[PDB]
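Asks: Dropping a structure here in structure tokens format, bear with me for questions.
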Amino acid sequence: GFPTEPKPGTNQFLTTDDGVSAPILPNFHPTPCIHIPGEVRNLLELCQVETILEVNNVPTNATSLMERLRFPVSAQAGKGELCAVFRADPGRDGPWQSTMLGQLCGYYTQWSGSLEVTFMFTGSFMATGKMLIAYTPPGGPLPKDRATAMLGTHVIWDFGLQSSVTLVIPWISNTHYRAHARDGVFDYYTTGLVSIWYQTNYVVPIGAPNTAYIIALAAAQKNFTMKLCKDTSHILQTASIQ
Amino acid sequence: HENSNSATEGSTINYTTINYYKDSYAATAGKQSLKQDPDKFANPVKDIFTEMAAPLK
Amino acid sequence: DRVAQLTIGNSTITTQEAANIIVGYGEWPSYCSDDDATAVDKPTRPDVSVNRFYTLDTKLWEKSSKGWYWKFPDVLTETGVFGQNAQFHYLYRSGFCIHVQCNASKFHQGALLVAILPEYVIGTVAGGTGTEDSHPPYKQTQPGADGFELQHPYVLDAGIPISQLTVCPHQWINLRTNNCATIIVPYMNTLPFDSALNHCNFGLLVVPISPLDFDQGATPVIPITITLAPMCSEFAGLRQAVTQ
Amino acid sequence: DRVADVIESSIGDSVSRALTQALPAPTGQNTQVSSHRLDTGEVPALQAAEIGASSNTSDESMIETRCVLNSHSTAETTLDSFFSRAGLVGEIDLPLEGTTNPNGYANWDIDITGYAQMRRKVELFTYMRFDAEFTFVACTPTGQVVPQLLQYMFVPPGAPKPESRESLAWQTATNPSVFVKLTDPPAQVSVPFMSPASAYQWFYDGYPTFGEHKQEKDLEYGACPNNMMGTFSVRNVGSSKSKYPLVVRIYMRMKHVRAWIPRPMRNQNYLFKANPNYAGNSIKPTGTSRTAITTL
Ligand SMILES: CCCCCCCCCCCCC/C=C\[C@H](O)[C@H](N)CO
Ligand SMILES: [Cl-]
Ligand code: NA
Ligand code: NA
Ligand code: NA
Ligand code: NA
Ligand code: NA
Ligand code: NA
């Protein structure tokens, strides 16, 4: 026969190897493919769809799970009080875990690109107010007050007919890609911090609720990309599935 | 020639695969076309609006 | 853009506080191609008698409501001429125009998430411990027009997060902004036609993400009404009327 | 000659009017230079989430940006890149003594819903059409490779399932079979898309048959026959008991993948195969929690 010489790797079964395999059914023809709505071509299509960000990931009670989906805002004392805070890191344990983006990230080792968070005010029509959403790039410790938070990337949000506002977390990194940030050494890939402050105050007339809620929705921008597939950190199974 | 029985037969996407058998579903996964349609899920609005505009007029 | 009118059949819907219209997956309902079809018998396309707005029961939004859902081919199977055709014919196909309406005042507040979840399979709490393989009863998987209330909205009674339910055609009803949600859904299934009785193509979920609230004195009864209209309805495989 | 509402009628239009188009996107979008903008009338930052559409605000309109020529590939997030990775979907035991297939043969009901990793990924979509590559890794419970000859047989629904090691069904006059020794590299084979539907459904919200749906038959809810591809049978090619205990792990790699309608990703632990049941007393949050909303 034709002189050959097998090399290392012979007989191995590489999970991700893309080769040819003998077909079990000769001349078999699959059922025609009808037209079906909502076909997906690339996962990045899903990373751009906003899903609810659990900024208020505090309640763990059985009856209080639905309230992690929104955080409160109310009449204050007028000293630029802090409202909420959270890390901007997408593939890190925290608020982003409730989003589709955060979930898809779990399947990739690295990501790159700008992120965006849209805040929707669900108070009453008579309620007014201005907030200051700030994004603090790496190195900046959690701003102690508004006067410190406003020194970074931010946006002053005015409640009105347009219920929502979008905070764009621009891609400000030293490296082209970021691996998932965790506590310790990998905190090198942290994205930064987001913090909502009262620019002025939540004002309301007599007869209207003194407390309203905000719902945060998060997704990725058009320049967002991911690479190097891996398995999500969690496996939803304890014993064999029956 | 060869049987056209792969799951992606008649798809508006091009593939570069390798095969050694007469049944094309045995071919490698290959490389594919990188087209995307974000709007299908992210902006499925009937009357599209600009980003410069106030969504609700 | 805040005002709109939806006319189809002999029914018209009006609104002055809308938030545009969503067209599920960027596709309008359409009839079945001659190459996507298999059933050889000529279908019935009743048009105006079935493609119109049907208004199902009204729900009351309370400060403690969890949310409700409706399976769709189902909600209409016992109503009007659409129901008759769905019962007499084996095969059914159609899209829908769903209009959820709920108004309050400039002093009330709250936000409802109105979404469409295809193949909305319901799960059970598995006896609490998770060792009992129990299944949802017919009354819960196909609740009819009265809809059904969610027991664990956080997981949509199916072990999946509601926080991600927005990857599905949806819209919100934020009382300070709009008083209705309009979603147009095309026929979605892996088959060109299917039974309107055994299969429910999708489910409509109306869930309060931001609790309803108001001061004592403002009207406390805030209803949520569901109006829906089939589109491009086609039926085939005629026989006697079957209820289930 | 013909009524006007029939001529101008549009009933019959089989072409789906699409509001969106798929554009080429081999790399991440670039960033263009941006300058300050102090004007009224134009508000990129203000949105209305009620509409149901994601914010279309771009980096350029929120801050003064530089020009960045992004050449990061989007190839690794295609469906094939994501799903074309072999993962465990089945595990068959052929022990010497026990109550689990102790007669030298086994019948595995083809269902990739028995393992969490693979299952969670595919359940990200409602419908999926694809060809697959099955690999069978066999050995003893200690991982030891033994000189034993096995026979794997695909039994499509309707074909006779073997009732013993010496069953007549092992003649495979028509069913596809594979004969391998555990000393040979794992058997690998290509499978087409064999559903009578246009795609497999990880979720079927309905019943398979008509009639009254009583308590006793709620077992059938969510069961779609278009996903039931048959059985996978294994045996010791012989007429006597094998000298060793065996295990067969089945791996699946999807190829030529099409997928439709994305869904929320599994939130709770899986409990059973044919359904999405969850432990009602152990409903855990999607993720991690903290003490206060104002502290990291
Ligand atoms: C020796 C020859 C062995 C041949 C084995 C061929 C196996 C073909 C398997 C096709 C499996 C398709 C699985 C798809 C869907 C799942 O079964 C359902 N979601 C379960 O509910
Ligand atoms: Cl991260
Ligand atoms: Na091979
Ligand atoms: Na069509
Ligand atoms: Na805008
Ligand atoms: Na965006
Ligand atoms: Na580019
Ligand atoms: Na037998």
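Residues are referred to by chain and number: the chain letter is A, B, ... according to the order shown in the structure tokens, the number counts from 1 in that chain, and ligands are numbered separately from 1 in the order shown.
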Which residues come within 6 Å of segment 165-178 of chain C, counting only C-alpha atoms, excluding same-chain residues fewer than 6 positions away, as JSON, numbers by chain?
Replies: {"A": [51, 124, 125], "C": [17, 18, 24, 109, 110, 111, 112, 113, 114, 115, 116], "D": [50, 51, 52, 264]}
Asks: Could you turn the residues from that selection into a file that holds N, CA and C atoms, as a CSV table (one decimal), in the first residue's frame?
Replies:
chain,number,residue,atom,x,y,z
A,51,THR,N,-31.9,43.1,29.1
A,51,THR,CA,-32.6,42.3,30.0
A,51,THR,C,-32.5,42.9,31.4
A,124,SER,N,-44.8,58.0,39.5
A,124,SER,CA,-46.0,58.6,38.9
A,124,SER,C,-45.7,59.7,38.0
A,125,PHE,N,-46.7,60.1,37.2
A,125,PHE,CA,-46.5,61.2,36.2
A,125,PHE,C,-46.2,62.5,36.9
C,17,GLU,N,-52.3,56.9,24.5
C,17,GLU,CA,-51.1,56.8,25.3
C,17,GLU,C,-50.5,55.5,25.0
C,18,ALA,N,-50.1,55.3,23.8
C,18,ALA,CA,-49.4,54.1,23.3
C,18,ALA,C,-47.9,54.3,23.3
C,24,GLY,N,-43.2,41.1,16.6
C,24,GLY,CA,-42.4,39.9,17.0
C,24,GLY,C,-41.4,39.4,16.0
C,109,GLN,N,-49.1,54.7,40.1
C,109,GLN,CA,-47.8,54.3,39.5
C,109,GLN,C,-47.6,52.8,39.5
C,110,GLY,N,-46.7,52.3,38.7
C,110,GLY,CA,-46.5,50.9,38.5
C,110,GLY,C,-46.1,50.5,37.1
C,111,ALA,N,-45.5,49.3,36.9
C,111,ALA,CA,-45.1,48.9,35.6
C,111,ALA,C,-45.3,47.5,35.4
C,112,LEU,N,-46.0,47.2,34.3
C,112,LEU,CA,-46.3,45.8,33.9
C,112,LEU,C,-45.4,45.4,32.7
C,113,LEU,N,-44.9,44.2,32.8
C,113,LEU,CA,-44.1,43.6,31.7
C,113,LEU,C,-45.0,42.8,30.9
C,114,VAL,N,-45.3,43.1,29.6
C,114,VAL,CA,-46.2,42.3,28.8
C,114,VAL,C,-45.3,41.6,27.7
C,115,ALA,N,-45.2,40.3,27.8
C,115,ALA,CA,-44.3,39.6,26.9
C,115,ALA,C,-44.9,38.3,26.3
C,116,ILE,N,-44.4,37.9,25.2
C,116,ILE,CA,-44.8,36.7,24.5
C,116,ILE,C,-43.7,35.7,24.6
D,50,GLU,N,-40.5,51.4,27.5
D,50,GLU,CA,-41.8,50.9,27.4
D,50,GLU,C,-42.1,50.4,26.0
D,51,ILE,N,-41.4,51.0,25.0
D,51,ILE,CA,-41.6,50.6,23.6
D,51,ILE,C,-41.2,49.2,23.4
D,52,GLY,N,-40.3,48.6,24.2
D,52,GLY,CA,-39.9,47.2,24.0
D,52,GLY,C,-38.7,47.0,23.2
D,264,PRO,N,-35.1,32.6,28.1
D,264,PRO,CA,-34.3,32.9,29.3
D,264,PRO,C,-33.6,31.6,29.6
Asks: Env of segment 27-34 of chain B: 10 Å cut, atoms = only C-alpha atoms, seq-sep filter 6 positions within chain, self excluded. Answer as a PyMOL selection string.
Replies: (chain A and resi 17-23+41-42) or (chain B and resi 6+12-21) or (chain D and resi 22-27+73-75+77-81+84+131-133+190+253-257)
Asks: Could you list, with a cut-off of 10 Å and counting only C-alpha atoms and all ligand atoms, the residues of chain A near ligand 4, each shown with its nearest atom pair and the distance in Å rounded to one decimal, rows sorted by chain and ascending number, as JSON lines?
Replies:
{"residue": "A:34", "atom": "CA", "partner": "ligand 4", "partner_atom_place_in_ligand_line": "1 (Na)", "distance": 8.7}
{"residue": "A:35", "atom": "CA", "partner": "ligand 4", "partner_atom_place_in_ligand_line": "1 (Na)", "distance": 6.8}
{"residue": "A:36", "atom": "CA", "partner": "ligand 4", "partner_atom_place_in_ligand_line": "1 (Na)", "distance": 8.7}
{"residue": "A:37", "atom": "CA", "partner": "ligand 4", "partner_atom_place_in_ligand_line": "1 (Na)", "distance": 9.6}
Asks: If you run DSSP on the backbone here, which positions in chain B get helix (DSSP H, G or I)? Please write them as a PDB file with N, CA, C and O atoms, in the first residue's frame.
Replies:
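What ended up in part.pdb:
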ATOM      1  N   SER B  24     -23.804  14.455   2.362  1.00  0.00           N
ATOM      2  CA  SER B  24     -23.244  15.712   2.843  1.00  0.00           C
ATOM      3  C   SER B  24     -23.437  16.056   4.315  1.00  0.00           C
ATOM      4  O   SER B  24     -22.825  17.008   4.805  1.00  0.00           O
ATOM      5  N   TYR B  25     -24.271  15.312   5.034  1.00  0.00           N
ATOM      6  CA  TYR B  25     -24.448  15.623   6.446  1.00  0.00           C
ATOM      7  C   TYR B  25     -23.271  15.088   7.243  1.00  0.00           C
ATOM      8  O   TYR B  25     -23.174  15.301   8.450  1.00  0.00           O
ATOM      9  N   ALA B  26     -22.364  14.411   6.546  1.00  0.00           N
ATOM     10  CA  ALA B  26     -21.169  13.838   7.161  1.00  0.00           C
ATOM     11  C   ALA B  26     -20.003  14.816   7.093  1.00  0.00           C
ATOM     12  O   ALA B  26     -18.971  14.605   7.723  1.00  0.00           O
ATOM     13  N   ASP B  39     -31.486  44.021  15.051  1.00  0.00           N
ATOM     14  CA  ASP B  39     -32.818  44.624  15.088  1.00  0.00           C
ATOM     15  C   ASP B  39     -33.966  43.637  15.265  1.00  0.00           C
ATOM     16  O   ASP B  39     -35.000  43.976  15.836  1.00  0.00           O
ATOM     17  N   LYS B  40     -33.788  42.421  14.771  1.00  0.00           N
ATOM     18  CA  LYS B  40     -34.819  41.400  14.880  1.00  0.00           C
ATOM     19  C   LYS B  40     -35.252  41.178  16.336  1.00  0.00           C
ATOM     20  O   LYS B  40     -36.424  40.915  16.604  1.00  0.00           O
ATOM     21  N   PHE B  41     -34.313  41.297  17.275  1.00  0.00           N
ATOM     22  CA  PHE B  41     -34.617  41.099  18.694  1.00  0.00           C
ATOM     23  C   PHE B  41     -34.458  42.363  19.529  1.00  0.00           C
ATOM     24  O   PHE B  41     -35.146  42.540  20.533  1.00  0.00           O
ATOM     25  N   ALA B  42     -33.548  43.234  19.112  1.00  0.00           N
ATOM     26  CA  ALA B  42     -33.266  44.462  19.844  1.00  0.00           C
ATOM     27  C   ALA B  42     -34.082  45.683  19.439  1.00  0.00           C
ATOM     28  O   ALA B  42     -34.228  46.615  20.227  1.00  0.00           O
TER      29      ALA B  42
END
Asks: May I ask you to write as a ChimeraX atom specification all residues lying at most 6 Å from ligand 8, with only C-alpha atoms and all ligand atoms counted?
Replies: /D:162-164,167
Asks: Save out the residues we just selected, N, CA and C atoms, as a PDB file, in the first residue's frame.
Replies:
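The resulting file, part.pdb, is shown below:
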ATOM      1  N   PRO D 162     -34.173  -5.117  21.270  1.00  0.00           N
ATOM      2  CA  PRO D 162     -33.656  -6.383  21.796  1.00  0.00           C
ATOM      3  C   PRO D 162     -34.057  -6.642  23.250  1.00  0.00           C
ATOM      4  N   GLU D 163     -34.515  -7.866  23.515  1.00  0.00           N
ATOM      5  CA  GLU D 163     -34.955  -8.282  24.846  1.00  0.00           C
ATOM      6  C   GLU D 163     -33.886  -9.083  25.595  1.00  0.00           C
ATOM      7  N   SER D 164     -32.787  -9.399  24.915  1.00  0.00           N
ATOM      8  CA  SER D 164     -31.699 -10.154  25.527  1.00  0.00           C
ATOM      9  C   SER D 164     -30.412 -10.014  24.724  1.00  0.00           C
ATOM     10  N   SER D 167     -30.856 -11.786  21.461  1.00  0.00           N
ATOM     11  CA  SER D 167     -32.067 -11.425  20.736  1.00  0.00           C
ATOM     12  C   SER D 167     -31.850 -11.531  19.234  1.00  0.00           C
TER      13      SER D 167
END
Asks: Set the cut-off to 8 Å and count only C-alpha atoms: what are the residues of chain D that reach chain C? Output as a count of residues only.
Replies: 59
Asks: Which residues of chain D are close to chain A, meaning at most 6 Å apart when you count only C-alpha atoms, and how do they look as a short mmCIF file (atom, residue, chain, number, x, y, z; two decimals) with N, CA, C and O atoms, in the first residue's frame?
Replies:
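The resulting file, result-v4.cif, is reproduced below:
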data_model
loop_
_atom_site.label_atom_id
_atom_site.label_comp_id
_atom_site.auth_asym_id
_atom_site.auth_seq_id
_atom_site.Cartn_x
_atom_site.Cartn_y
_atom_site.Cartn_z
N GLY D 28 -16.19 43.53 15.17
CA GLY D 28 -16.92 44.45 16.02
C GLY D 28 -16.95 45.82 15.36
O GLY D 28 -15.99 46.22 14.70
N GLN D 29 -18.05 46.54 15.54
CA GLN D 29 -18.19 47.86 14.94
C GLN D 29 -17.10 48.82 15.42
O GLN D 29 -16.65 48.75 16.57
N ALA D 45 -29.42 60.26 24.62
CA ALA D 45 -29.46 59.58 25.91
C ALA D 45 -30.84 59.21 26.42
O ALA D 45 -30.99 58.23 27.14
N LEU D 46 -31.85 59.99 26.05
CA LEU D 46 -33.22 59.72 26.50
C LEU D 46 -33.90 58.65 25.66
O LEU D 46 -33.97 58.75 24.44
N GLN D 47 -34.42 57.63 26.34
CA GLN D 47 -35.10 56.53 25.68
C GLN D 47 -36.47 56.31 26.33
O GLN D 47 -36.89 57.06 27.21
N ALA D 48 -37.17 55.28 25.86
CA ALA D 48 -38.48 54.91 26.39
C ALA D 48 -38.53 53.39 26.31
O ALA D 48 -38.94 52.82 25.30
N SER D 54 -34.47 47.88 22.66
CA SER D 54 -33.26 48.23 23.38
C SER D 54 -32.76 49.61 22.97
O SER D 54 -33.01 50.06 21.84
N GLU D 76 -16.31 33.46 16.64
CA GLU D 76 -16.48 32.46 17.68
C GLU D 76 -17.82 32.47 18.39
O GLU D 76 -18.06 31.66 19.29
N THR D 77 -18.72 33.36 17.98
CA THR D 77 -20.04 33.41 18.61
C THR D 77 -21.14 32.98 17.65
O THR D 77 -22.32 33.22 17.90
N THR D 78 -20.75 32.34 16.54
CA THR D 78 -21.74 31.85 15.58
C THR D 78 -22.33 30.62 16.24
O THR D 78 -21.77 30.11 17.21
N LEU D 79 -23.46 30.13 15.75
CA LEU D 79 -24.06 28.96 16.36
C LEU D 79 -23.17 27.73 16.28
O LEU D 79 -23.09 26.95 17.23
N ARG D 85 -19.18 21.32 19.82
CA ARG D 85 -18.24 20.87 20.83
C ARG D 85 -18.89 19.67 21.49
O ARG D 85 -19.97 19.79 22.07
N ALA D 86 -18.25 18.51 21.39
CA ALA D 86 -18.79 17.29 21.96
C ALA D 86 -18.94 17.36 23.47
O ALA D 86 -18.05 17.82 24.17
N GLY D 114 -30.49 14.51 29.72
CA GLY D 114 -30.10 13.92 30.99
C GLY D 114 -28.92 14.54 31.71
O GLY D 114 -28.63 14.18 32.85
N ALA D 116 -26.97 18.30 32.67
CA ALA D 116 -27.09 19.75 32.78
C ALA D 116 -26.28 20.65 31.86
O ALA D 116 -26.83 21.59 31.30
N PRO D 185 -9.99 2.76 19.07
CA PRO D 185 -10.35 4.12 19.49
C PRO D 185 -11.87 4.26 19.49
O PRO D 185 -12.56 3.59 18.71
N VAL D 189 -19.55 8.43 14.65
CA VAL D 189 -20.45 8.29 13.53
C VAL D 189 -21.24 9.57 13.27
O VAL D 189 -21.44 10.37 14.18
N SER D 190 -21.67 9.78 12.03
CA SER D 190 -22.45 10.97 11.67
C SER D 190 -23.93 10.68 11.55
O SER D 190 -24.34 9.69 10.94
N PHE D 193 -30.38 15.09 10.32
CA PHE D 193 -31.51 15.66 11.04
C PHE D 193 -32.67 14.74 10.71
O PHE D 193 -33.25 14.82 9.63
N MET D 194 -33.03 13.87 11.65
CA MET D 194 -34.09 12.90 11.39
C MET D 194 -35.45 13.10 12.03
O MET D 194 -36.13 12.13 12.35
N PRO D 196 -39.45 14.41 11.93
CA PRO D 196 -40.47 14.60 10.89
C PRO D 196 -40.89 16.07 10.87
O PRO D 196 -41.60 16.51 9.97
N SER D 198 -39.61 20.27 11.13
CA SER D 198 -38.52 20.98 10.48
C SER D 198 -37.39 21.29 11.45
O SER D 198 -36.34 21.79 11.04
N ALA D 259 -30.91 27.71 14.48
CA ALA D 259 -31.64 27.84 15.74
C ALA D 259 -32.60 29.02 15.70
O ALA D 259 -32.30 30.05 15.10
N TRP D 260 -33.74 28.87 16.35
CA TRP D 260 -34.76 29.91 16.37
C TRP D 260 -35.31 30.20 17.76
O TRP D 260 -35.32 29.35 18.64
N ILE D 261 -35.78 31.43 17.94
CA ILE D 261 -36.42 31.88 19.18
C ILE D 261 -35.67 31.63 20.49
O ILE D 261 -35.86 30.61 21.13
N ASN D 269 -31.99 24.42 39.41
CA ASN D 269 -31.45 23.09 39.17
C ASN D 269 -32.44 22.24 38.41
O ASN D 269 -33.65 22.41 38.55
N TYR D 270 -31.93 21.34 37.59
CA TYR D 270 -32.77 20.44 36.82
C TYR D 270 -33.10 19.26 37.72
O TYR D 270 -32.28 18.86 38.54
N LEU D 271 -34.29 18.70 37.55
CA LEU D 271 -34.69 17.57 38.37
C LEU D 271 -35.05 16.36 37.52
O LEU D 271 -34.67 15.24 37.84
N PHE D 272 -35.80 16.60 36.44
CA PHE D 272 -36.21 15.51 35.57
C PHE D 272 -35.92 15.79 34.09
O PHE D 272 -35.59 16.91 33.71
N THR D 286 -31.14 34.14 40.82
CA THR D 286 -30.35 33.85 39.62
C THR D 286 -28.87 33.93 39.96
O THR D 286 -28.07 33.14 39.45
N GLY D 287 -28.50 34.86 40.84
CA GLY D 287 -27.10 34.98 41.19
C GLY D 287 -26.75 35.28 42.64
O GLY D 287 -27.50 34.96 43.57
N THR D 288 -25.59 35.89 42.81
CA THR D 288 -25.05 36.27 44.10
C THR D 288 -25.83 37.42 44.74
O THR D 288 -26.47 38.20 44.04
N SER D 289 -25.76 37.51 46.06
CA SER D 289 -26.44 38.57 46.80
C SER D 289 -25.46 39.33 47.68
O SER D 289 -24.31 38.91 47.85
N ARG D 290 -25.91 40.45 48.24
CA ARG D 290 -25.07 41.26 49.11
C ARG D 290 -25.87 41.87 50.26
O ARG D 290 -27.09 41.76 50.30
N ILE D 293 -27.59 47.67 49.12
CA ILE D 293 -27.57 48.09 47.72
C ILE D 293 -26.58 49.24 47.50
O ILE D 293 -26.20 49.53 46.37
N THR D 294 -26.16 49.87 48.59
CA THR D 294 -25.23 50.99 48.53
C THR D 294 -23.80 50.62 48.90
O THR D 294 -22.95 51.50 49.08
#
Asks: Give me, please, the distance in Å between atom CA of residue 150 of chain A and atom CA of residue 80 of chain A, quoted to one decimal.
Replies: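 Interatomic distance here is 11.1 Å.
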Asks: Compute the chain B side of the contact with chain C at 12 Å, counting only C-alpha atoms, and hand it back as JSON, numbers by chain.
Replies: {"B": [37, 38, 39, 40, 41, 42, 43, 44, 45, 46, 47, 48, 49, 54, 55, 56, 57]}
